[PDB]
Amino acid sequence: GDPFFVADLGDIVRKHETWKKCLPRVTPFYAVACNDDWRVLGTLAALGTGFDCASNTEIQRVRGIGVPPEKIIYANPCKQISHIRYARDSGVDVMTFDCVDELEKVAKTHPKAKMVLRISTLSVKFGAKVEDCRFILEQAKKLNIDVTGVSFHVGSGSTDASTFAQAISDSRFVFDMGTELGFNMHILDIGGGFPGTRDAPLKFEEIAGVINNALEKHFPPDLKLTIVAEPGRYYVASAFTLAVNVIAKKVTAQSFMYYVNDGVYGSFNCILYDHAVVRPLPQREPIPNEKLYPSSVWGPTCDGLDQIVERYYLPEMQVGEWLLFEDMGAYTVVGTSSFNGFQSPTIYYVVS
């Protein structure tokens, strides 16, 4: 009994209907790094989404399924010059940047690229400060760069939706400096970070209302403007369910330790890289009266820090039963390794 995933592609279809309802002005460019499974990319492409690609490999994968290059944005600010050459030769023209050094590379390798300036909000890693953006655009003008718009990324779990309003207002300032220096600014890219479980505390529908009101104030509708986003976990987090076998058991007031055949080097790498919190669900239906015991649950590797859950209340379980983990579609399969020889879970697909 090897661990496996169930991927419900009909869940991705409903997320797409809700996006179009709450953000009808915004075309979504799915962040392929979140989950690059071939059926998930093929469902999203059948639905008419764009793709955000971050490397020569992702660009290769989305063309492979038929997607034309105009439905790709190459949204990595700091690109190896040979991956930029690969983008140009596949026909991908829209890329991001956030400093003058990157524009130097682009001038030598992809002179006609349509370039989008990312502003900070997110990171020390990426994002130009609004007070540096005049100097950057003056240098872009000297390098004959076709700057076409502005982008930002708030980050994947805020308690306020007000960060989106402030980023939109800052984006209009930087957008007007563009126009004043003579660039054709016509793209606003409001990035990613929307919740992918309909039971998050800060709901998708309130974030969207905040965004629509800031858009209406600072970017009124106009046929020369396109608004885009880069959602990843919003489309896929709740579509995948993981099942894992209990392969070993320890008993110690009573306490239990369960060992399962997937862990922090495999699918639960999201615990360390994505700060995920996960909840184990016995696959057996809750049966009357049941006693519940303090339990920890561990991955299969040699590593003492391969631990998935430290204290959760479970019934008493037996070797060979199954534990389920819901909402396991985002940043999970993509960061897996084969540490200690363990293999990653096969994926099986349903259509709701």
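Throughout, we count residues from 1 along the sequence that is shown.
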- [ ] Could you tell me how many residues of the deposited sequence sit unmodelled between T252 and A253 (none, 1 to 3, 4 to 9, 10 or more)?
- [x] 10 or more
- [ ] Between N76 and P77, count the deposited residues left without coordinates and pick a bin: none, 1 to 3, 4 to 9, 10 or more.
- [x] none
TODO: State which stretch shows the higher mean Cα B factor in the entry: 101-109 or 199-207.
DONE: 199-207
Open item on the list: Which is higher on mean Cα B factor in this entry, 280-288 or 45-53?
Closed with: 280-288
Open item on the list: Out of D303, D327, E316, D37, whose C-alpha atom has the biggest B factor in the entry?
Closed with: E316
TODO: Check the PDB entry and point out which of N245, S238, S156, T96 has the largest C-alpha temperature factor.
DONE: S156
- [ ] Could you tell me which third, lowest, middle or highest, the C-alpha B-factor of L122 occupies within its chain?
- [x] highest
- [ ] Sorting the chain's modelled residues by C-alpha B-factor, tell me whether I72 ends up in the lowest, middle or highest third.
- [x] middle
Task: Position of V264 among the chain's modelled residues by C-alpha B-factor, lowest, middle or highest third - done: lowest
- [ ] Rank-wise, by C-alpha B-factor, drop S296 into the lowest, middle or highest third of its chain.
- [x] middle
Task: Where the record places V62 (Cα B-factor, split into thirds across the chain) - done: highest
